[PDB]
Ligand SMILES: Nc1ccn([C@@H]2O[C@H](COP(=O)(O)OP(=O)(O)OP(=O)(O)O)[C@@H](O)[C@H]2O)c(=O)n1
Ligand SMILES: Nc1ccn([C@@H]2O[C@H](COP(=O)(O)OP(=O)(O)OP(=O)(O)O)[C@@H](O)[C@H]2O)c(=O)n1
Ligand SMILES: Nc1ccn([C@@H]2O[C@H](COP(=O)(O)OP(=O)(O)OP(=O)(O)O)[C@@H](O)[C@H]2O)c(=O)n1
Ligand SMILES: Nc1ccn([C@@H]2O[C@H](COP(=O)(O)OP(=O)(O)OP(=O)(O)O)[C@@H](O)[C@H]2O)c(=O)n1
Ligand SMILES: Nc1ccn([C@@H]2O[C@H](COP(=O)(O)OP(=O)(O)OP(=O)(O)O)[C@@H](O)[C@H]2O)c(=O)n1
Ligand SMILES: Nc1ccn([C@@H]2O[C@H](COP(=O)(O)OP(=O)(O)OP(=O)(O)O)[C@@H](O)[C@H]2O)c(=O)n1
Ligand SMILES: [Mg+2]
Ligand SMILES: [Mg+2]
Ligand SMILES: [Mg+2]
Ligand SMILES: [Mg+2]
Ligand SMILES: [Mg+2]
Ligand SMILES: [Mg+2]
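Residue numbers (my numbering), protein chains in the order written: chain A, 2 to 560; chain B, 2 to 560; chain C, 2 to 560; chain D, 52 to 237.
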């Protein structure tokens, strides 16, 4: 086993999550079975209690574990599947050892937070890094730990102590620390004193740093690096600069130009880890897929405009997984992406009574879009705008994907505007009216990776061509409310055909509309399973249809 | 070159100076040409300005450099000769670089204390550790640096930075840090939190510790060591305990039982230093001289009482070199020492008018003494008591040594009480009277190691037998005032014979009185040149005469 | 993790089991949490099917796993508790992977013995060496693997391949091979060609040796070692000699004189394993307990004669654990042991009709004994001799221990000879007679470590003093047949008091007879739990009573 | 006998209770102390030498059980004095007030089916729980001061108001137990 801990910061907004998700990617190019752990200093047990307004979207794992965003960034960069244990939190570990007290397992000793709770952290990291994460049950070679918060805090405090002991309870040369740090620029001069005042605290809290990964606004001066290597004890080759480049998928290749694999190969003796040619050649091939997709980003010019239609579009992190899946689908089509933020409530005609500028800008963005996405919203208060965009996408022939709530407004749209029931309703919203035309029903939660089976006649469905025509699809779910299955025999007659269903047959999970270029609902969330070299099939479908050449993508899949 | 820095402390009174003077002694048993450097955070250039009341005696070097006490402890433990450069001070290095500014040598740059002054420290330590110190001009193998003050101060601050750079400007494995530390005991429990709050500051200021040398009141518990080795990163074998033992000459052998040579041989790769058999066998022989003299201390019982007669005897550190030279002379005679502190002014008959108890206790201690010492006092205000003790020592036949002022009160005593001039006077005191019977004259200072030549007829003199009958003696001086040379032809006629003189003949430096068992004045200071295995010949004379067997010591010397 | 594999041999009778049980002991003196694995090339799943005539006694583990003898040697040398998984066998691993085939887990591939079965071995060794074995659930630092059979066989073949891959699937410097070997002596010359013809095969089968542990009849010549170090690639310091010495408890200290800890500390980098002072000081203290008990064996002279009374005494390995527990008890009493082999059937009066010499020699040995043991026999055909020895031990006051069957013949003896039922019988033997005076009943098996609770009045019982007066005893069991609990109220009235019982109260597990110096039955097996520094309390009782000073042992326990 | 925990020292605590009863020395049993006093009195005055702490010797299932489990009972609880109690030195120390409020801990309590025997033999249960079914104080008739309290009297003592059973013990041991009973009741 080996560990690399990514850590530090003068400030908590500094962006450690790319250097974690990008260090682990570079180590995966050596062919190593890499894994990752997030530490979050917040008290939440797991993210399911905190709304998407409050620091971004509610992620989903194979377990159903509603979790921190930063798990998702490692899953999509590293190709790995994570579990709800990979998110260490102050909530979890304190709830764990305090529940263990009432169980009695410390034999009625004191449960001081030094010794015993820092021992539970060091045990949890050693459990979790041995859980398998790739397509086979082989245990990881290297674990990337992202230490949330900063080193020099009061929510960080048990973790930085636990990791001082863990620098020895796992031997040095099986552990390395990467310290992210701030180097401000003021009046044209690079200021390395915030960094030198977090190297003092790092040595004090007891870890010793290996890298000094500065988030400067610039290239670091040769004299700036020379002084950071005088005040921190690292050699000047190790003072990596992580400055902005044309997209975040380039960041691994900047770190590779900055020798970071050659340093980590030495500093963790990675030549002593046992690897097969099936490991190593997969490693060096994955490097060439990353060099190819970044070269394709560097000279892709032909734009594709996708309208993302929903509430809270000013909080873009409320959709981080939706955005990132369109970026994967974009780079695979070799069309450059623009996403058009349509704040759905502005499409509703009553907006014309409040501000006409909003009514025109939103319908302008929607009309300009080469493809349309209803992105699995939350709450109900924007729903009429999401219905109008689904009417537009059906009648104007524009490519369409409905995710989760998106499948459900598509059924509501089709009921109101093709089946001809204008009172038909989201039972998710208009409940205590008790009306008969209910497009949905509550069936109290359903979460995690679940099996979707294709219905028998489905051969013609573009969505089934995009899934490689395989009879079952494994994808991640969230929904309380599902389509009322007593309308399905009507929709099945009117050309709205339910391509895919749950294994009991009673629950509807995919539809495709007959006789449209690409119009799909998926009631699972296709966002979360997308990887940077394997875009999620419904999202690859949307960005292909909107680019043209949907047929040529269907060959690239099925060959 | 190799360095061991002795450092640290929660508190500055903790006693680092033995662990320095005793680490260097253990390394000298490997045969290495060891040297030592004192750092003193005080602003004094050199100790000549600060009176013996204010933190102890005014030392003297071969240069005449009036210096910190702690040079003396290394000289006598290590056998080495030091120079006034071996005392780094905040006074010296700031006076040096600020005088260098007016000379211009920084080419008109800023002389920031980071970079440039910490570079002058790192240059000074590298100059000084290459100065020769043994009986031949061979440069040192290892240098012990004693960092005065504490690590975690404001007078320490440039030194701890300079030594962080010096951990690299000289490579690791040529440098090691020994951190002395406090482990209080309260209500019967050993408290290792003062130590853990100086390991935090040490890592912060940037040095990394190797040893954790606790000054506990006890043996450290196995659980106390195990926790210090959990919070400091040292292994538990390295947490040396430096507790009190029957005399400070045992301390090296406690550190040798605690593996400290075996650790330093590894941690500085001392097997790679080139040594001859003339080095190595001198090393292992010196170890057996230390094992022998400590075994002799362990079962020597026969006491010898020496009266030390002078002012300020409540400030025993005002005489630290005098005390230590009697301890060497004691252990060489194999008699256990008691020193009788005679506060000289109490011997004066006017004390009987003020407090009779003082007059009796002081004359009781003087009468009880097996030998008498006038210890080179300072000022003049106790002089009549020192004259009465010299009258007593001459008439009652008791063994006597006068050092510096001691030779001078012996001439004043002999003038008043044998030559018969009762008005004869210390010109050092009774100056503006302008009287003719002046026993002294001013000749403005005279300092350092100087040559004393024996006068021709001297063959019979016990002091010349103790110096091995060699024609010239090299010893360290301090005196403004010297014997008036126009009385010498009278004293030479009356049996007070000046055994030794300055090379010009005009200055008188040793006398021995004819027809007394042992009665000597030396106007140089014999204290400073004594080593733990080579006691200063006049002091070996005194403690031998007082023990009996002065003749048997004269064979041990001359064989 | 670290591994040392003990292996090799020109011949299979060469005695590898001491070098395994003695290498692991030397590593435990560094304080390392050592464990051990036995590989047995035989096809038996576990030893319960093979009778004690056929290669020695039927061992018992905490699991109830009836197992190979060689587990016992590591348990008693290393203080460890093992589990039935620590005995790898050709039976087990082939039964495992062939049962796994019918379960389907190789996904319908071929299950070649290369790749897949050698992968199951390498998985099993990596599972098993992480199971905890000491008094706390901490996973082992080093694992000793004893490779049964020889390297160069057809029953060895999958293991030597699995261990060639395991030399890499665990890195070199986490693995070392010790090759035991034969160096015959013929016409006075040491013959190192059998050894050189097993170093050829070792290199061929692909492991590389580290040690060459010769079982010569002599000290190896300096020229013999020099040639073995020319033909094997080891340096001559590594060619350890394992010749006979005054008892097998000396063998670790011969290997310690032959540098084997200093070599294994280097060759596995054991300084890089994390140890506490509670580990290290327990390590160096256990070394002094081994130096003390071997020094006590070197000058203990006062004999104690213990009669071991049972069938098959010509097959001494049928009692190996019984013998070894008396040796521990002996060395703890500081009396030298003689065991008197009484072939029990010879005590029966009908032997006088067959051979009087057998009848006299057996009663002579029994009468000569200072103490008597009925050693948990098997079958029934010697039982009348074991009853006569129990009559003798009760009436002649001689110290007595009955183990398992020994407790049961003691109840049968007491019934026939004190309660006065001469027809009372072992229901284990005389079954289909259906008589009413049944001293036993079948209750179909009961195995492994079980809880024995002391009955309330038990305070006076010497056996309860030997167990430290603790209310519950944890010890290993085997019995189909147990004392008929409907006789107990009679025996409890006649002074045969059942000191200890099963937690239900219904089963009787210890008795002590009132008013005899030491007369005990234990229906569990006290042999198996004895360690070389912690002799089994009933056996320490017997060898103490027979030595005299049973009271002084009761202080050594309870202080 | 200071309200111990576990059971492994209990025979020593019984011998000290035998000594304190027969040698007339002043005695206080707190919690477990009341319980070993009942066990002592059963073995050494009532004459059942097999009588036992059911807190220890449980799965023997014997009939002379001096205690029973009744799963926890904690905090400040009301103790009511039994009617005839006027003569009891412990009731004089509580100011003769009919109810006492003090802090409890006990899983195991005296088996209430022995009480009618002890009440006949001069071991009188001065105080009980409000249901009457649980026994909380005893005082032995005809001894200078010999008390069991099954609550813990330690915790309620203040530096200017010492806990009445403990003021009783240190007064009896000092002599002048009567003079303390005036200092209380005046
Ligand atoms: N490989 C990555 C990593 C991060 N991000 C972006 O980074 C964001 C949040 O910043 P991040 O780098 O994850 O760190 P912070 O949120 O600043 O938090 P912290 O510094 O506490 O880790 C999101 O907007 C996400 O789009 C990204 O696009 N690609
Ligand atoms: N740890 C430090 C670093 C610098 N200085 C002193 O502080 C002065 C001003 O600090 P500055 O020159 O700004 O040093 P930087 O570390 O570069 O600060 P910044 O990065 O903000 O420019 C320096 O000339 C130097 O003498 C100091 O006392 N302690
Ligand atoms: N080998 C030694 C070293 C020190 N001392 C004694 O130690 C004294 C002063 O304490 P020291 O150990 O030199 O250190 P501190 O004065 O406490 O100062 P610091 O801790 O700042 O180094 C003197 O009284 C001297 O007699 C001694 O006798 N022998
Ligand atoms: N660096 C540390 C050390 C200890 N503790 C906590 O503080 C409590 C009280 O400290 P203490 O137990 O006294 O630890 P020591 O370091 O031994 O303090 P001392 O040496 O003074 O006894 C401990 O139980 C532990 O939970 C802490 O928060 N931070
Ligand atoms: N520490 C040890 C090890 C072994 N033996 C003795 O060794 C025996 C059997 O030989 P062993 O050394 O265990 O090995 P072998 O039986 O020869 O088998 P192999 O060589 O196949 O391992 C038993 O008689 C046992 O008494 C012993 O007394 N003490
Ligand atoms: N691997 C070897 C070893 C030896 N020889 C030759 O065989 C001769 C006889 O073998 P021997 O001298 O007996 O060598 P040893 O290995 O010592 O045989 P042994 O140990 O049985 O004495 C040697 O002189 C040598 O020339 C050989 O051919 N191949
Ligand atoms: Mg903030
Ligand atoms: Mg982040
Ligand atoms: Mg001070
Ligand atoms: Mg000092
Ligand atoms: Mg055979
Ligand atoms: Mg064997």
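Heads up, the beta-carbon is just placed ideally off N, CA and C, and yes, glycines get one too.
With 16 as the cutoff for other CB atoms within 10 Å, does residue 134(D) come out buried or exposed? Counting Cβ neighbours within 10 Å, residue 134(D) comes out exposed, since fewer than 16 surround it.
Quick one: does the C-beta of residue 74(C) sit closer than 7 Å to a heavy atom of ligand 5? yes
Leaving aside the five residues before and after residue 220(A) along the sequence, list all residues of the same chain whose C-beta is less than 8 Å from its C-beta, in chain order. 242, 244
Which residue from 329(C), 315(C), 129(C) puts its Cα closest to that of residue 341(C)? 315(C)
For residue 150(C), verify whether its CB is less than 7 Å away from any heavy atom of ligand 12. no
Assess, as a yes-or-no matter, whether the region 75 to 85 of chain D is touched by the region 219 to 229 of chain D under the definition of 3 or more beta carbon pairs within less than 8 Å. yes
Quick check on residue 492(B): buried or exposed, where buried means 16 or more other Cβ atoms within 10 Å of its Cβ? So residue 492(B) ends up on the buried side.
Where the alpha helix (DSSP H) through residue 253(C) begins and ends: 252 to 258
Quick check on this structure: which residue in 501(A), 522(A), 9(A), 464(A) has the alpha carbon closest to the alpha carbon of residue 211(A)? Measuring from the Cα of residue 211(A), the nearest candidate turns out to be 9(A).
Would you kindly work out how many angstroms separate the C-alpha atoms of residue 278(C) and residue 264(C), rounded to a whole number? 22 Å
Using C-beta distances below 8 Å, list every residue in its chain close to residue 518(A), excluding the 5 sequence neighbours before and after it, in chain order. Cβ neighbours of residue 518(A) beyond the five flanking positions: 398, 400, 546, 551.
For a cutoff of 8 Å on Cβ pairs, would you count residue 172(A) as touching chain C? yes
Measuring alpha carbon to alpha carbon, tell me which residue in 339(A), 344(A), 485(A), 141(A) is nearest residue 509(A). 485(A)
To which residues of the same chain is residue 31(C) closer than 8 Å at the C-beta, ignoring the five residues directly before and after it? 262, 266, 271, 276, 281, 284
In chain order, what are the residue ranges of uninterrupted beta strand (DSSP E) at least 3 long that sit wholly in the region 307 to 373 of chain B? 337 to 344
Among 37(A), 539(A), 532(A), which one has its Cα closest to the Cα of residue 522(A)? Comparing C-alpha distances from residue 522(A) to each of 37(A), 539(A), 532(A) shows the shortest one belongs to 539(A).
Below 7 Å, is the gap between the Cβ of residue 115(A) and the nearest heavy atom of ligand 4? yes
Span separating the alpha-carbon of residue 166(B) from that of residue 165(C): Their Cα atoms are separated by approximately 49 Å.
Nonlocal neighbours in the same chain, by C-beta distance under 6 Å from residue 112(C), ignoring five residues either side: 102
Name the chain B residues that come within less than 7 Å of residue 427(A), Cβ to Cβ? Taking the beta carbon of residue 427(A) as reference, no residue of chain B falls within 7 Å; the closest one sits roughly 59 Å away.
Have a look at residue 379(B) and residue 416(B) and give me their C-alpha separation to the nearest angstrom. 21 Å
Going along the region 216 to 234 of chain B in order, which residues come within less than 9 Å of chain C, judged by CB to CB distance? Taking 9 Å as the Cβ-Cβ cut-off against chain C, the residues of the region 216 to 234 of chain B that qualify are 223, 224, 226, 227, 230, 231.
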